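**Student:** show me how the following folds:
(chains A, B, C, D, E and F, ligands or ions: 2)
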Amino acid sequence: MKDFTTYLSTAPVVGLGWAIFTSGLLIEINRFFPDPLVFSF
Amino acid sequence: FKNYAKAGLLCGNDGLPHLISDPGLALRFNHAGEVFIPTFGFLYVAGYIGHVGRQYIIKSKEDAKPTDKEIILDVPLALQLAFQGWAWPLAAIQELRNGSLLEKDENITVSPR
Amino acid sequence: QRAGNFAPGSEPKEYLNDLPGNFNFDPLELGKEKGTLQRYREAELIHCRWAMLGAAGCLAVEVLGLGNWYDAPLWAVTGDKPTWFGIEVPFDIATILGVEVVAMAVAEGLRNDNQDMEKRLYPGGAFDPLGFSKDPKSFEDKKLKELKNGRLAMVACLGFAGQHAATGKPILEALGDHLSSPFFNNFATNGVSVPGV
Amino acid sequence: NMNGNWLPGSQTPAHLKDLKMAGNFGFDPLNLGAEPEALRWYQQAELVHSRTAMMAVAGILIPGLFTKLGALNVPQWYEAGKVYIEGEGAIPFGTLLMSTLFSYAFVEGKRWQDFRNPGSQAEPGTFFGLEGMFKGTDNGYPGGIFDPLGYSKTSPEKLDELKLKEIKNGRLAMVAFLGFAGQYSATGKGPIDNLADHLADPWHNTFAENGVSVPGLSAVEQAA
Amino acid sequence: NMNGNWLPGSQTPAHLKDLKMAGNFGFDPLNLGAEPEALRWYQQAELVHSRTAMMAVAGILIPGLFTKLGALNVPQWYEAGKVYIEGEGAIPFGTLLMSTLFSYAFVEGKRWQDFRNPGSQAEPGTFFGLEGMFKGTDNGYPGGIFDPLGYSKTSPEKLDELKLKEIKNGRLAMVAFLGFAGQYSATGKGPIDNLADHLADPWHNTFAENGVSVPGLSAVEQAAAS
Amino acid sequence: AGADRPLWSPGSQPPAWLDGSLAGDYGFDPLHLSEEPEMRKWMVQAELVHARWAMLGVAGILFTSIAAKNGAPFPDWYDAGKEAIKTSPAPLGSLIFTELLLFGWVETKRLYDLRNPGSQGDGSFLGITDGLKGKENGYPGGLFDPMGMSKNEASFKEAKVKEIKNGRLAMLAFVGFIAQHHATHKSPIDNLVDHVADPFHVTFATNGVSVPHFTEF
Ligand SMILES: CC(/C=C/C=C(C)/C=C/[C@@]12O[C@]1(C)C[C@@H](O)CC2(C)C)=C\C=C\C=C(C)\C=C\C=C(C)\C=C\[C@@]12O[C@]1(C)C[C@@H](O)CC2(C)C
Ligand SMILES: CC(/C=C/C=C(C)/C=C/[C@@]12O[C@]1(C)C[C@@H](O)CC2(C)C)=C\C=C\C=C(C)\C=C\C=C(C)\C=C\[C@@]12O[C@]1(C)C[C@@H](O)CC2(C)C
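**Tutor:** Residues are numbered from 1 along each chain as shown, chains lettered A, B, ... in the order given. Ligands and ions are numbered 1, 2, ... in the order given. Below, you will see the structure:
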């Protein structure tokens, strides 16, 4: 477990996790707010 | 197309909306939400990134083999610093006030003239 | 040490012995620690006295033929001039609310400045004009009877709130209906207190 | 000691071997009553189930037997709730339900408090003064108001014989009410009608004929 | 010691463990109060924000309560400036804002000067002779003419109790004004009207019912209703 | 309570971290989880809360379906929420967020009792010191155990074993509920009566789902 956790603690794996997290957040924001351009509350 | 209208957006001679970047002019014509508010928000997020990275750089150096912590990230420590960066400008200006934000020119690696 | 005991043969309470009006109780162990127990004692006596005032304000206006207790503060909605005991006080809800807020604020501020815990429980003096509880045994008996009547008035006030939430009919009419038709007039007959009759 | 064996030749369980209680026959293949506290709980639960089943079979049979004799017009037990809910003096179902729930909750709370600590209801002055005689002599057999005519202060042999009789008739009542439920779910008629049909035609009045009881047996029955 | 714990079972910060400042509960998850001067500035800023929040919440509620009661006829807080500026004897908005900015600049400059050097505003002969009592007894507690009734001239236990009460009602007031802004933006009504709506219909008038507070919950509501 | 204990597979080597001290420890771990003591504590707490919620939900589903089959007007366990908030005085949005607000206190107290054992019972919550203290890792006790039959150590161990076994059984029961309601679109009690009516024909192979039919020959 802890060896696999340290493998998951390596830089490419946590970078991949950040990549999926940020991409999914931005994609869901764009999907539920279709095409915004100007901040208007 | 409905949301781009009735929101202060204006277009010139082609129907493609234009954005006003000068503050003050955007403030007195309700164009601040075009770039003025997003630029402040991006500055806030970029300062969040910089403060989190600075905290991880400083907090992972007082230990044996800091490069090992750089290459294999301390995930609980990284998440703790991630959730502690919500007040990045306060800590940044306080580090500026106490002088720990900047290093003196005597301890800084410098190229020969 | 114990005046009574609900569910006789229960586990004895080593932290509730000298408390007046003690019937063991507290299976949730809320009375642990001396400071929290004293604070809960203050809360219990104050809430019992406020239940006394609420039950008085309900029943005195119910049995005098002046109306119910839900429609008694409704005149602020209507704007009609209030009436108390035929004295016909001309006060206004803005002035009433202001003087009530100020008076209760200063009164509870003075009450919170009691220093001694026993004085916060029972100060006496100016609050005891005649003082029939000068004898210590009479003091304990009066405290126990006050707590018993306060708990009974608390149950009465909760019943008032629940009954008038269930039906708009007044509680003295509810007692009359329970006397006339016991098995055909109760909380289960409404169908709102318990779903599915 | 033991009053017999539920199955001769079967080895008695260790917890059921050298005990002293009424209605003991070594019937525990699952060894559920191994713990003495669990054994006491199971004994008390069996006693109260047996008592309420005795009341049930009494109120089913004796008014039913009076109805079959023509003395009474008492209907069957599987529609008596609908009969009473449509009567002239029909108390609502909710009112009776809450009254029964409150009374039985009080009774079961007192019984549970006596079970957790035996003889703990004999503290003076808690319940109208007379509660000093509410002390439970045995787990499930308090006595006093529960036996005012005085059959409890007999010989110990008579006492255990009476306890064994109570347990035996109670178990018979429990299996009788199980049979009542099964016969209502299968035949759909009253138990007295089933007994009359078994007396008139023992072979025709059999659960093998009913397809609800043994599915697939009627298939063999019409196959021949 | 500490008045309480904001999060039971959690380790208190080291700078907040032995601290005896009033209104402390170990609520520094971001570790911003580590520096002492930074902690002093944070305490002073919290006191200022809390005090102006209590003043604003009182001026919103009590006139609002009196208007909903019927005696007063002052407008609600979210439109009061617009109706006031439309009056025939109304001071212009720029003039009022400039006067407010100048007066607050003077006051906050005095506060800055007594913060950067404690008790430095008691320099002799600097404000018409009455500058003697213009000194800082504590951080955020100047006293003197700011306490004319002399309620703070009491034993330190009662003074600490008063400070705790002040900071607690202050934090409640800042939360209350944040609510005032938030559910004015949500409901479009006054706080007293929102309280009456929650009292009359608690389930149907909830922050999760309106789609402004939680976007997309209304779509789930009509999806389940269909 | 260890060593020569019945395992998930007879003859398989039990894991080193699974010594048999925990309740229901059959040495079942193909993925070698819960190796660390903190991970083991987290997994034990998660299994206990999942077990309690699974048993509660399966018992409620079974009671509602049994009452519906008897004649009471109760909906099926699937899509019960639709008619539920169709008849609820509390609409959706408010109800779920009220549930979340009511649940947050209990969940964070459980979390910080798991992280810090015995820290909750210090008078912080309404002056409760003796209560609100975790007797074990996933077994709090106190006011959640009003009657004290867990005082005896052997009785407590037997109760833990019974609870975890019934919890795993209810987990599989809920999974079966989901699977054969997606397969048959009927109540679990309806599936039970269909299985005990014609066992030789009605089964998981005659529902038209689970096993696919392509050639029909
Ligand atoms: C419900 C309540 C308190 C409930 C407490 C409970 C359940 C305690 C719980 C426990 O004990 C249990 C159960 C068992 C233990 O294991 C655990 C604990 C914790 C020990 C207080 C209400 C307290 C309620 C109070 C004091 C209300 C007062 C109302 C007043 C005075 C109103 C005034 C008016 O009525 C007049 C006078 C005249 C009218 O015309 C007009 C109006 C305005 C309506
Ligand atoms: C089966 C299950 C989990 C199974 C996990 C398995 C096999 C894991 C296997 C392994 O880990 C081992 C052992 C060891 C590792 O080395 C290897 C792996 C492979 C990793 C969980 C179910 C968990 C199931 C749970 C918790 C069920 C909860 C049910 C609730 C709450 C019901 C609520 C309702 O809402 C509904 C759904 C509908 C409404 O009609 C009624 C109400 C009552 C409202």
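**Student:** nearest the middle, which residue of the chain would you pick?
**Tutor:** Defaulting to chain A. Centroid-nearest residue in chain A: residue A:21, 1.6 Å away (criterion: C-alpha atoms, centre = their mean).
**Student:** try again with chain B
**Tutor:** residue B:46 (1.9 Å).
**Student:** check which helix or strand that one maps to.
**Tutor:** Under the criterion of DSSP states H and E, residue B:46 resides in helix B:32-59.
**Student:** helices or strands next to that helix in the packing?
**Tutor:** Where contact means 3 or more C-beta pairs under 8 Å, 6 or more residues apart in numbering or on different chains; DSSP states H and E, helix B:32-59 is packed against helix B:75-83, helix B:88-98. From N, CA and C alone the C-beta is placed, and that goes for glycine too.
**Student:** of the ones you listed, which is nearest ligand 1?
**Tutor:** Nearest to ligand 1 among these is helix B:75-83; the distance by C-beta to the nearest ligand atom comes to 36.5 Å.
**Student:** so does the closest one get close to chain F?
**Tutor:** No: between helix B:75-83 and chain F, judged by C-beta under 8 Å from any C-beta of the partner chain, nothing touches; the nearest distance is 11.1 Å.
**Student:** got the angle between that helix and helix B:32-59?
**Tutor:** Orientation of helix B:75-83 against helix B:32-59 (axes from the mean of the first three to the mean of the last three C-alpha atoms, to 10 degrees) gives an angle of 140 degrees.
**Student:** residues touching whichever strand or helix holds residue A:25, excluding its own?
**Tutor:** Per DSSP H and E, residue A:25 falls inside helix A:11-32. For helix A:11-32, contacts defined as C-beta atoms under 8 Å, 6 or more residues apart in numbering or on different chains pick out A:7-8, B:70-73, B:75, B:78, E:215-216.
**Student:** looking at those, spot the one nearest residue C:94.
**Tutor:** residue E:215 (40.0 Å; C-beta to C-beta).
**Student:** so how far is residue E:205 from the closest one?
**Tutor:** 18 Å (C-beta to C-beta, to the nearest Å).
**Student:** and the residue lying closest to residue C:193 once chain neighbours are set aside, what is it in contact with?
**Tutor:** Leaving aside its sequence neighbours, residue C:193 sits nearest to residue C:187 (C-beta to C-beta, 6 or more residues apart in numbering or on different chains; 4.7 Å). Neighbour list for residue C:187: C:162-163, C:166, C:193-194, D:98 [criterion: C-beta under 8 Å, 6+ apart].
**Student:** could you dump the residues you listed into a markdown table and include distance to ligand 2 and neighbour count?
**Tutor:** What follows is the contacts of residue C:187, written out as a markdown table (distance: C-beta to the nearest ligand atom, whole Å; neighbours: other C-beta atoms under 10 Å in any protein chain shown):
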| residue | distance to ligand 2 | neighbour count |
| --- | --- | --- |
| C:162 | 28 | 11 |
| C:163 | 32 | 17 |
| C:166 | 28 | 15 |
| C:193 | 24 | 16 |
| C:194 | 21 | 12 |
| D:98 | 26 | 17 |
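**Student:** how about these, which pair is most distant?
**Tutor:** C:163 and D:98 (15.2 Å).
**Student:** can you classify the closest residue to chain B within chain A as helix, strand or coil?
**Tutor:** Residue of chain A nearest chain B, by C-beta to the nearest C-beta: residue A:39 (3.8 Å). Of the three states, residue A:39 takes coil under DSSP: H, G, I helix; E, B strand; the rest coil.
**Student:** against residue D:224, how distant is the spatially most distant residue from the centre of chain B?
**Tutor:** The centre of chain B is farthest from one residue, residue B:13, which by C-alpha atoms, centre = their mean lies 36.3 Å away. Residue B:13 sits at a distance of 100 Å from residue D:224 (criterion: C-beta to C-beta).
**Student:** repeat for residue F:160
**Tutor:** Taking C-beta to C-beta, one finds residue F:160 at 56 Å from residue D:224.
**Student:** of the two, who's got more company?
**Tutor:** residue F:160 (18 against 4; other C-beta atoms under 10 Å in any protein chain shown).
**Student:** for chain F, what spans make up the helices?
**Tutor:** Under the criterion DSSP state H, chain F contains helices at F:37-70, F:80-87, F:94-115, F:153-184, F:188-197.
**Student:** redo the ones you listed as TSV? Include distance to residue B:107.
**Tutor:** Formatted as TSV, those follow (distance: least, C-beta to C-beta, whole Å):
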stretch	distance to residue B:107
helix F:37-70	40
helix F:80-87	64
helix F:94-115	40
helix F:153-184	59
helix F:188-197	72
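**Student:** so for chain E, which of these sits nearest?
**Tutor:** helix F:94-115 (3.0 Å).
**Student:** residue D:176 reaches residue D:54, doesn't it?
**Tutor:** No: using C-beta atoms under 8 Å, residue D:176 makes no contact with residue D:54, being 9.1 Å away.
**Student:** and the gap between whatever residue of chain B ends up closest to chain D and chain E?
**Tutor:** Nearest residue of chain B to chain D: residue B:76, at 45.5 Å (C-beta to the nearest C-beta). Per C-beta to the nearest C-beta, to the nearest Å, residue B:76 is found 14 Å from chain E.
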